[PDB]
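Colleague: just to be clear, this is only the beginning of the complex, oriented as in the whole thing:
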Amino acid sequence: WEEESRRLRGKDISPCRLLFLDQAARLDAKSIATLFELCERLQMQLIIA
Amino acid sequence: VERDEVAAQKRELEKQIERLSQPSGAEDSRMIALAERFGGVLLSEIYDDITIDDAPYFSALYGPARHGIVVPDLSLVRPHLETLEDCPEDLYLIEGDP
């Protein structure tokens, strides 16, 4: 979606990135760590509960 | 002979009706394809709801580019331009916010 749209947007505009998860306890410590790794690498926000 | 003449007429009519059919403008082909090859929205679609009274002026102004495609960047179409051998022999591209 971003690859498509950034062409059709102001060249200095970077849309926000935010995701969700319910019952986040299905994650464990390593799960959390790696997800945060990749999330930061992609400059994205989490709402994981 | 008369029947064959009428058949030719009907064939022309059907082909042209198709030419006016979908989805906006003439057809879904290379021109609509550029809407995803790049952000090439069709000019005619960009004025889809043109009033019938301005539509003649719009058409005359846009000239053959009437069927042109608006693309905020046409330096950006450059990398893919070499791909377009299967394209209408002569293809319009425009710069601006569709």
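Modeller: Arrived safely. Residues are numbered from 1 along each chain as shown, chains lettered A, B, ... in the order given.
Colleague: roughly how far does the residue most central in space within chain B sit from residue B:43?
Modeller: By C-alpha atoms, centre = their mean, the mean C-alpha position of chain B lies nearest to residue B:67, the distance being 3.8 Å. Taking C-beta to C-beta, to the nearest Å as the measure, residue B:67 falls 7 Å from residue B:43. For every residue, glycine as well, the C-beta is placed using N, CA and C.
Colleague: what about residue B:23, distance to chain A?
Modeller: 19 Å (C-beta to the nearest C-beta, to the nearest Å).
Colleague: my guess is that residue contacts residue B:32. True?
Modeller: Yes - the pair residue B:23 and residue B:32 qualifies as a contact (C-beta atoms under 8 Å) at a distance of 6.8 Å.
Colleague: the more surrounded of those two?
Modeller: Legend: neighbour count by other C-beta atoms under 10 Å in any protein chain shown for residue B:23 and residue B:32, higher for residue B:32 (20 against 10).
Colleague: quick one, what contacts that one?
Modeller: By C-beta atoms under 8 Å, 6 or more residues apart in numbering or on different chains, the contact set of residue B:32 is B:23, B:24, B:25, B:42.
Colleague: which is the next helix or strand following the strand or helix carrying it?
Modeller: Taking DSSP states H and E as the definition, residue B:32 sits inside helix B:30-37. Using DSSP H and E, the helix or strand that follows helix B:30-37 in sequence is strand B:41-42.
Colleague: add chain C to what we have:
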Amino acid sequence: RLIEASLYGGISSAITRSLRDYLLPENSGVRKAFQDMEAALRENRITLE
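Modeller: This next block brings in chain C, placed alongside the chains you saw above:
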């Protein structure tokens, strides 16, 4: 769909099948072609009856 799939993500969910929905565009060309076939068949049926 992005929203709900993230909310209920993971492999063991409808997400893994509705991928073909969420990832892919709906093609009007095939829709139109099928309608044209339908018209042809209708005319054939009328003639045959």
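Colleague: re earlier: so what's the residue nearest to the centre of chain B up against?
Modeller: B:25, B:26, B:31, B:42, B:43, B:44, B:92.
Colleague: can you pick out the most distant pair from those residues?
Modeller: The largest separation in the contacts of residue B:67, counting by C-beta to C-beta, is between B:26 and B:92 at 13.0 Å.
Colleague: quick check: closest non-adjacent residue to the residue most central in space within chain A.
Modeller: The residue lying closest to the centre of chain A (C-alpha atoms, centre = their mean) is residue A:44, at 3.1 Å. Closest residue to residue A:44 apart from its sequence neighbours, by C-beta to C-beta, 6 or more residues apart in numbering or on different chains: residue A:17 at 3.8 Å.
Colleague: correct me if wrong: that neighbour contacts residue A:41.
Modeller: No - Residue A:17 sits out of contact with residue A:41 when judged by C-beta under 8 Å, with a separation of 11.5 Å.
Colleague: chain C: helices as residue ranges?
Modeller: Using DSSP state H, the helices of chain C run over C:2-7, C:15-22, C:28-48.
Colleague: out of the ones you listed, nearest to chain B?
Modeller: Comparing those against chain B with C-beta to the nearest C-beta, the closest turns out to be helix C:28-48 (5.5 Å).
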